[PDB]
Structure formats: structure tokens, C-alpha cells
Amino acid sequence: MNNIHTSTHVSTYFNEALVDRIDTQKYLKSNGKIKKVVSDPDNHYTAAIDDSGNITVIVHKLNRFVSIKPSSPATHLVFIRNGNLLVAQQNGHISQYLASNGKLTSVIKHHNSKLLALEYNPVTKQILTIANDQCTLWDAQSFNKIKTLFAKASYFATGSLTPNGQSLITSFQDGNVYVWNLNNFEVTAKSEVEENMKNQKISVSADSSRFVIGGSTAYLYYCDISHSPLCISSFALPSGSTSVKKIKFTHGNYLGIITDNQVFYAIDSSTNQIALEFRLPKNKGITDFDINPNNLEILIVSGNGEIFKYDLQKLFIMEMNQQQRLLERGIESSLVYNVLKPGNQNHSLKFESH
Amino acid sequence: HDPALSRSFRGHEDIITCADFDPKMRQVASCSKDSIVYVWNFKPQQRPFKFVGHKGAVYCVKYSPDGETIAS
């Protein structure tokens, strides 16, 4: 007594104004549900990983899908300018197929890890993989390597590239977060931190003035390059938070956060406040999503066999309509949101970077 | 404002240990102390489904919150 169920915070908005239908029965033949979406930086191809196999790529104009026979699920997919798809498999290998045919072109291996987190930088042609104790970085063509950047001390936790700019940010098991000179194996930017975060990814804004750090602990660390240290502040999250699995960025001030309390959050960095708070069901839970950064169009695969076709601006205006009616009455959205405030220095991930 | 015993689930040969609900309002789940669980709906014309398994006692049944799988 009395927990919060079912799909009351997800399908209830996501299906609000659809212009098409996902004929779910077309895609879900498994005794099972979609657990993750691995996806296209160009958003449209949203592949569905289930608990069965044949990872598919769902194509949302055709109401058809790409069937890529092998069962091996991805940690993430990268689709690029020329029609190719790179699949970072959970099997330790990254398999590239032509996205358009599902035809294998190459496999990248170097990683010996359960995690091969991907990020793609379309302006470097570089694909980065976060795995084991390193960052393998390579030409997006994915037939060679440029180099691997390494953590030779405490265990590597994670890292990410800047997609409409150029940098690599990585971190340690001890939360130390640092920035690399992408062409010199050089860490120019270093940190010493108190929050030790396991199971983290560092999310990078496309023009990386802004960064955020997730992890095994329920705290988020925030960066702004206009100020020193790059990581300036951090703070605790609304009650019930546990750990954070993923954060993505948009062109607005926004972080899209997947928290393992099975609630999606969206945060506005100008004060670092939570605009959106939306939960998913048991099976069929938070899966993952794609974004059009300038209207925040969302291409989310919900594990329920629904793809939305909702966006953050519509979900925001829904929340902001509540507020606009009350802005007329003086409501402060920062508190409505849960704006979180900077604390002390002894639990921070403060980081200097140039 | 009545405790309202309404209409019982017929059968359930002996030995009853639990019940739960499918929030369609309602498919009722229940279970016995030997080899059987049941799931059925009212609108009494509906016939219940008798599940076979749990050759030992079934202590409790609960539905997933959406009323889909019945756990036993």
C-alpha cells in the first residue's frame, strides 16, 4: 500500500494528439515487450529492442520496420548522413549495417565490456564508444579507428562527445570528470570530486557549453562553460530518486533524464529546474527516445508497443498551460518544477575546463 | 453503505486462501490450497478459468496493476 501505476503518466499524454497510429501488433510478436530503443541521431529510425531478438528499426511513415535478424540488442544505435547504421551491441561488439537495407557493412571491436555507450558527433564524423576502461573514438565511416582515449588510473566510468561542436568529456568511478583534447590524448581539464558515481554517462549539449552527470546515486551535476569551474553546481533530486540511466540534450535548455524510479524528467539549465515529471508502467516501461532539438520533437519508443509522436514542447505547454493559467496568478515555475539549488563543495563534481 | 456479500464464486472445491483484481472492474482472481487457481469475471454469465499448477498450496494471487498477468 499504495504504489503508483500504470501507464497513467505516459500514454495519457503521449497519445494526446496523434497524426498516425503505431499498429503495435505489426511490431511486437514477442512474448515480451520493448525494453529499449537504440537510435538515430536524425531521430526517425527508432529501433526496438525487446526481450526476444531480431532487433528492428521502426520507420514511422511506413508503419513498417527494418528487420535485422540477429537477436543481439544494442546499447545504442547510430545512424548517419549516408544511410548507414552502427549498432552498439550489448555483446561487446558494434555492428554497422546499411540502415536502409539492414545489410552488414562492418564490426568494431576493441571493447571488452558490458557497456558500449555510444554517442555520435556529426560534425567530426566521430563515433565514440564508452566501454570497459576507455573511449574508442573513430571516423564515423566505421571501418578504422582513430585512437582510443584511456583511463589508466581509477576505473573509467564513462564519457561523451559534443555533436554540434568538438570535445570529449569523460569520468572516473570516483566521479572525477575531465575534458580531453580530442586530437592529443590530452586531458587539459581536470576535476577532483566527492561524489563517487557508478553506472553513469556524461551527457553533452550539442554545442557543449553545458554538460550533466548521471550515475548510481540520485544526484545530478551541472556544467556551464561560461563559468568556472565548468562543473559549477550540483544537487539532489525529488524524493524517490535512485540512480540515473540516461540524459539527452536539446537546443532549448534542456536535459531529458531517465531516472530508475521509472520517471522521465526534463530539466531547464538556466536555473537547473525540472520542467517535466513523467512515469512509465511495469513491463512496457521507460524504454528510450529520439529528439528534434529545435522543437523538441519526440520520437520515443515506449515499451508498450507505442511510439510517440509527442514532443517536449507539447508536454511542456501542457505543463506550462497549467502554469500560464496560473502565471496570470503569479505561479513560480521554478518551484513547480523542482528547481534544485547548489549546496556545499564536499559532495560536488566541480570541474575546471578550457 | 452495506458490507454487501454479493455473488460468490461458485466452485472452489475446498480450502480458499486468496483473491485479487483485474481493474477492469472486475475479473476476480482467487486461489485454493491445492493445485488450483482461478480467474473469472462477473457478469456471472462469464465462465471462470481454472488454472492447473501449484500442486502445493497457493497462498496468494495478485494481478499486475493493469490486470494482465496473474501472479500466483
# chains A, B, ... in the order shown; residues from 1 in each chain; ligands from 1
$ interface_residues --of "chain B" --to "chain A" --cutoff "12 Å" --atoms "only C-alpha atoms" --output "PyMOL selection string"
chain B and resi 23+63-69
$ residues_around --residues "stretch 179-185 of chain A" --least-positions-apart "6" --cutoff "10 Å" --atoms "only C-alpha atoms" --output "list in words"
residues 137, 146, 147, 148, 149, 150, 159, 160, 161, 166, 167, 168, 169, 170, 171, 191, 230, 351, 352, 353 and 354 of chain A
$ write_last_selection --atoms "N, CA and C atoms" --output "PDB file, in the first residue's frame"
ATOM      1  N   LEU A 137      37.497   6.119 -30.139  1.00  0.00           N
ATOM      2  CA  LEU A 137      36.961   7.152 -30.987  1.00  0.00           C
ATOM      3  C   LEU A 137      37.353   6.901 -32.431  1.00  0.00           C
ATOM      4  N   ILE A 146      40.536   5.893 -34.925  1.00  0.00           N
ATOM      5  CA  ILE A 146      41.481   6.964 -34.910  1.00  0.00           C
ATOM      6  C   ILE A 146      42.405   6.659 -33.768  1.00  0.00           C
ATOM      7  N   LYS A 147      41.799   6.457 -32.613  1.00  0.00           N
ATOM      8  CA  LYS A 147      42.528   6.211 -31.396  1.00  0.00           C
ATOM      9  C   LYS A 147      41.599   5.845 -30.292  1.00  0.00           C
ATOM     10  N   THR A 148      42.143   5.317 -29.224  1.00  0.00           N
ATOM     11  CA  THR A 148      41.346   5.153 -28.045  1.00  0.00           C
ATOM     12  C   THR A 148      41.891   6.037 -26.923  1.00  0.00           C
ATOM     13  N   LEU A 149      41.015   6.756 -26.244  1.00  0.00           N
ATOM     14  CA  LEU A 149      41.447   7.584 -25.133  1.00  0.00           C
ATOM     15  C   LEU A 149      41.259   6.768 -23.873  1.00  0.00           C
ATOM     16  N   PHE A 150      42.243   6.783 -22.990  1.00  0.00           N
ATOM     17  CA  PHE A 150      42.176   5.901 -21.830  1.00  0.00           C
ATOM     18  C   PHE A 150      42.216   6.468 -20.449  1.00  0.00           C
ATOM     19  N   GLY A 159      31.806   8.583 -20.656  1.00  0.00           N
ATOM     20  CA  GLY A 159      32.131   9.767 -21.448  1.00  0.00           C
ATOM     21  C   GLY A 159      31.214  10.062 -22.630  1.00  0.00           C
ATOM     22  N   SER A 160      31.397  11.244 -23.203  1.00  0.00           N
ATOM     23  CA  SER A 160      30.608  11.691 -24.341  1.00  0.00           C
ATOM     24  C   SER A 160      31.208  12.819 -25.190  1.00  0.00           C
ATOM     25  N   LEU A 161      30.880  12.821 -26.474  1.00  0.00           N
ATOM     26  CA  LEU A 161      31.342  13.842 -27.420  1.00  0.00           C
ATOM     27  C   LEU A 161      30.339  14.949 -27.605  1.00  0.00           C
ATOM     28  N   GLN A 166      33.019  20.383 -30.763  1.00  0.00           N
ATOM     29  CA  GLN A 166      34.042  19.368 -30.611  1.00  0.00           C
ATOM     30  C   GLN A 166      34.709  19.327 -29.229  1.00  0.00           C
ATOM     31  N   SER A 167      34.568  18.199 -28.524  1.00  0.00           N
ATOM     32  CA  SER A 167      35.206  17.925 -27.228  1.00  0.00           C
ATOM     33  C   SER A 167      34.923  16.485 -26.822  1.00  0.00           C
ATOM     34  N   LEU A 168      35.736  15.926 -25.909  1.00  0.00           N
ATOM     35  CA  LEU A 168      35.340  14.688 -25.210  1.00  0.00           C
ATOM     36  C   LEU A 168      35.378  14.859 -23.717  1.00  0.00           C
ATOM     37  N   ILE A 169      34.282  14.542 -23.068  1.00  0.00           N
ATOM     38  CA  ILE A 169      34.269  14.633 -21.634  1.00  0.00           C
ATOM     39  C   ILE A 169      34.172  13.212 -21.118  1.00  0.00           C
ATOM     40  N   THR A 170      34.994  12.876 -20.146  1.00  0.00           N
ATOM     41  CA  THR A 170      34.971  11.549 -19.545  1.00  0.00           C
ATOM     42  C   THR A 170      35.008  11.610 -18.043  1.00  0.00           C
ATOM     43  N   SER A 171      34.705  10.500 -17.408  1.00  0.00           N
ATOM     44  CA  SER A 171      34.809  10.432 -15.962  1.00  0.00           C
ATOM     45  C   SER A 171      35.176   9.074 -15.461  1.00  0.00           C
ATOM     46  N   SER A 191      39.293  17.436 -12.778  1.00  0.00           N
ATOM     47  CA  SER A 191      38.487  17.608 -11.583  1.00  0.00           C
ATOM     48  C   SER A 191      38.849  16.619 -10.522  1.00  0.00           C
ATOM     49  N   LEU A 230      33.944  24.427 -14.881  1.00  0.00           N
ATOM     50  CA  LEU A 230      32.888  24.042 -15.806  1.00  0.00           C
ATOM     51  C   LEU A 230      31.769  23.403 -15.019  1.00  0.00           C
ATOM     52  N   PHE A 351      34.409  20.871 -11.629  1.00  0.00           N
ATOM     53  CA  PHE A 351      35.375  20.628 -12.699  1.00  0.00           C
ATOM     54  C   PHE A 351      35.845  21.794 -13.540  1.00  0.00           C
ATOM     55  N   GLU A 352      37.154  22.095 -13.591  1.00  0.00           N
ATOM     56  CA  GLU A 352      37.646  23.231 -14.388  1.00  0.00           C
ATOM     57  C   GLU A 352      37.893  22.784 -15.811  1.00  0.00           C
ATOM     58  N   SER A 353      37.439  23.538 -16.795  1.00  0.00           N
ATOM     59  CA  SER A 353      37.700  23.095 -18.143  1.00  0.00           C
ATOM     60  C   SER A 353      37.801  24.232 -19.122  1.00  0.00           C
ATOM     61  N   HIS A 354      38.783  24.135 -20.029  1.00  0.00           N
ATOM     62  CA  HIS A 354      39.062  25.098 -21.073  1.00  0.00           C
ATOM     63  C   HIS A 354      39.441  24.306 -22.316  1.00  0.00           C
TER      64      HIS A 354
END
$ residues_around --residues "residue A:271" --least-positions-apart "5" --cutoff "10 Å" --atoms "only C-alpha atoms" --output "PyMOL selection string"
chain A and resi 253+334+339-341
$ atom_distance --atom1 "atom CA of residue B:61" --atom2 "atom CA of residue B:29"
6.7 Å
$ closest_residue --among "B:20, B:50, B:44, B:27" --to "residue B:71" --atoms "only C-alpha atoms"
B:20
$ closest_residue --among "B:32, B:37, B:19, B:7" --to "residue B:51" --atoms "only C-alpha atoms"
B:37
$ closest_residue --among "A:70, A:256, A:285, A:41" --to "residue A:273" --atoms "only C-alpha atoms"
A:256
$ residues_around --residues "residue A:342" --least-positions-apart "6" --cutoff "6 Å" --atoms "only C-alpha atoms" --output "VMD selection string"
chain A and resid 233 to 235
$ write_last_selection --atoms "N, CA and C atoms" --output "short mmCIF file (atom, residue, chain, number, x, y, z; two decimals), in the first residue's frame"
data_model
loop_
_atom_site.label_atom_id
_atom_site.label_comp_id
_atom_site.auth_asym_id
_atom_site.auth_seq_id
_atom_site.Cartn_x
_atom_site.Cartn_y
_atom_site.Cartn_z
N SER A 233 27.88 23.44 -10.14
CA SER A 233 26.94 23.14 -9.10
C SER A 233 26.32 21.80 -9.27
N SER A 234 25.75 21.32 -8.19
CA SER A 234 25.05 20.08 -8.18
C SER A 234 24.04 20.05 -7.11
N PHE A 235 23.12 19.13 -7.25
CA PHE A 235 22.05 18.97 -6.30
C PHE A 235 21.16 17.77 -6.49
#
$ residues_around --residues "residue A:336" --least-positions-apart "3" --cutoff "10 Å" --atoms "only C-alpha atoms" --output "number ranges by chain"
A: 273-276, 319, 323, 331-333, 339
$ write_last_selection --atoms "N, CA, C and O atoms" --output "compact mmCIF listing (two decimals), in the first residue's frame"
# COMPACT_ATOMS: atom_id res chain seq x y z
N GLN A 273 16.17 23.55 -13.38
CA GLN A 273 14.88 23.18 -12.86
C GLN A 273 14.14 22.15 -13.69
O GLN A 273 14.16 22.19 -14.91
N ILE A 274 13.39 21.27 -13.00
CA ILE A 274 12.69 20.16 -13.67
C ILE A 274 11.33 20.49 -14.25
O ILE A 274 10.32 20.50 -13.57
N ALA A 275 11.29 20.67 -15.55
CA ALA A 275 10.07 21.05 -16.23
C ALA A 275 9.11 19.91 -16.32
O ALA A 275 7.90 20.08 -16.16
N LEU A 276 9.62 18.73 -16.57
CA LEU A 276 8.71 17.63 -16.78
C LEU A 276 8.95 16.48 -15.83
O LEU A 276 10.10 16.16 -15.59
N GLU A 319 2.19 21.40 -19.36
CA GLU A 319 2.60 21.80 -18.02
C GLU A 319 2.63 23.31 -17.90
O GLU A 319 2.32 23.88 -16.85
N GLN A 323 0.60 26.21 -15.84
CA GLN A 323 1.26 27.33 -15.26
C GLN A 323 0.82 28.63 -15.88
O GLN A 323 0.60 29.57 -15.15
N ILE A 331 2.23 32.16 -10.41
CA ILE A 331 2.90 30.91 -10.02
C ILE A 331 4.38 30.89 -10.41
O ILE A 331 4.74 31.29 -11.52
N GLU A 332 5.23 30.42 -9.51
CA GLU A 332 6.63 30.34 -9.84
C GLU A 332 6.99 28.95 -10.30
O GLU A 332 7.12 28.02 -9.50
N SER A 333 7.24 28.85 -11.59
CA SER A 333 7.51 27.59 -12.23
C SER A 333 8.75 26.91 -11.68
O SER A 333 8.79 25.70 -11.56
N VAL A 339 13.03 23.26 -8.91
CA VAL A 339 14.34 23.82 -9.15
C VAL A 339 15.17 23.33 -8.02
O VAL A 339 14.73 23.32 -6.87
